[PDB]
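What follows is a single chain, given as structure tokens, in the form deposited in one PDB entry.
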């Protein structure tokens, strides 16, 4: 039936059998099909792509073409009528710290990226879309609905570009369009070390033979490292404040500076790597540069898997955790570890956990300075507020003592993100993440809300009343039914997120199913999972079993007062113990007698 496959834009896969370590590109993880779970390959399709013309065009591209008998609503109208809200009062999640939201975006970034197609440089094309809002080819501008306020102050549209696709880049005619995942499907720290060897190498400090990641030589943080700047122009970290002139950081993943707290968690990770390479040298002084780099890199990957799977996933999935992620039973080579396309949308539930402000806290966790609390939008691509305003320590305190936004059926995505997002290469703090998301679903040819309900063994509502019983909400159901004339057409993103939260979790049934399934594949089909026998020594695993974000903080900042359960709401000083009483990552198990 289907062809052996397509693969013009990839090199060959030459695999070293003996090698202990993972590749930067992900390749060679799975031996029977080595390209499974590797960067620059097409996202997996758990269900046939759904496209206007069943090839590449997205629904909503042709006025005349409908989906299931009806026209799909404009992404911004859905955004305005359903996703928005004015009152930031009473929306904080009482039992989740703001680190919960942050750890989410880190893991998502480690897992997937589908960057747009590059026609922009040395071409007017990118400004042709913005300026006259002409939909063509890649340019798929997000139009404003009639009653939109932005019509008056911004124009007729929000620029938008279709994501890049495999066997690229002018349209081809045979199979449906498949977008690219430009990072490795494996929870492997790709966001710290890179997914391309070309970048992986640059990021490294090769000068000395100590296997350290390269750091900033222009600025420090109390004798603590900063990520190196990325001296590429134009830079949005420079554009948001042309007086301070501070470039964006250079990390393993392209999007590290998008918001100051992501940039922050990125700074914590780099350090933990360096701190580890230094510790290893000391125990195994005879180790060469590469070994220190590799062994350290290996440890940090284990660290993220434990945190994400032991501490994070259970509080996201809760009651559904065990249903989809039963305890480890070992590597299975028949498990597809590739990230599926819809997961890159399911995982965006995190957008409703982002709150309107960010604070900096002093040593008694009190407002640090006159403008300690800041509006989120002034922080997109804001790098100067870290270097020219006291560094990470104060921001990492806010991550521990503040709360994440709770998902709310009447209060979904905060305006900081819904009206004021800043997108590089554009000039204004006036974009909508919600609209984008919806437009992206359409761009990826995503199947409707009910196909996914069907895919998960859940009911498939066909009427208003049907939808109300599923969402447990009359007015939400009424609004969706009005815009979408049938559930079958509700874009998965807004669909999955409209479902109420499963008890003890922070997502509904549909997302618990889609997320749960992906993460289980991510663990089970990974030849290098930290717990998979033979990857680490029996003793090393026991050592790793004690890791904690608290510990990661204590070891890489001068914060000496942390909670024990970093992801839950914790107030100071009651829920805050001294760092001394927190387990360490004793690295003794790594000694290597040469004799």
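Here, rigid core means the biggest group of C-alpha atoms that superpose within 1.5 Å across both forms. Residue numbers count along the first chain shown, from 1.
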| Between 338 to 346 and 463 to 471, which has the larger average Cα B-factor in the PDB entry? | 463 to 471
| field | 271 to 279 set against 453 to 461, stretch whose average Cα temperature factor tops the other in the entry | value | 271 to 279
| said: Sorting 69, 534, 48, 37 by Cα temperature factor from the record, which one lands on top? | reply: 534
| task | Choose from 437, 359, 486, 235 the residue with the greatest Cα B-factor as stated in the PDB record. | result | 235
| request: Determine, from the deposited record, the chain-internal third of the Cα B-factor for residue 147: lowest, middle or highest. | output: highest
| said: Sorting by Cα B-factor within the chain, modelled residues only, which third would residue 116 end up in: lowest, middle or highest? | reply: highest
| said: Quick check on the deposited entry: does the C-alpha B-factor of residue 407 sit in the lowest, middle or highest third of its chain? | reply: middle
| field | Record-listed C-alpha B factor of residue 52: chain third | value | lowest
| request: Quick one: classify residue 293 as lowest, middle or highest third of the chain based on its Cα B-factor. | output: highest
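One more form of this protein, deposited in another entry, exists but is not displayed; see below.
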| note | Shift test between this form and the one not shown (rigid core reference, C-alpha, 2 Å or more cutoff) over 171, 375, 155, 454 hits only 171
| request: Using a rigid core alignment, state whether the CA of residue 13 is displaced by 2 Å or more between this form and the one not shown. | output: yes
| remark: With a difference of at least 3 Å, the CA distance of residue 194 and residue 11 in that other deposited form shows the atoms closer
| remark: One pair moves by 3 angstroms or more in that other deposited form: the C-alpha atoms of residue 67 and residue 171, which are farther
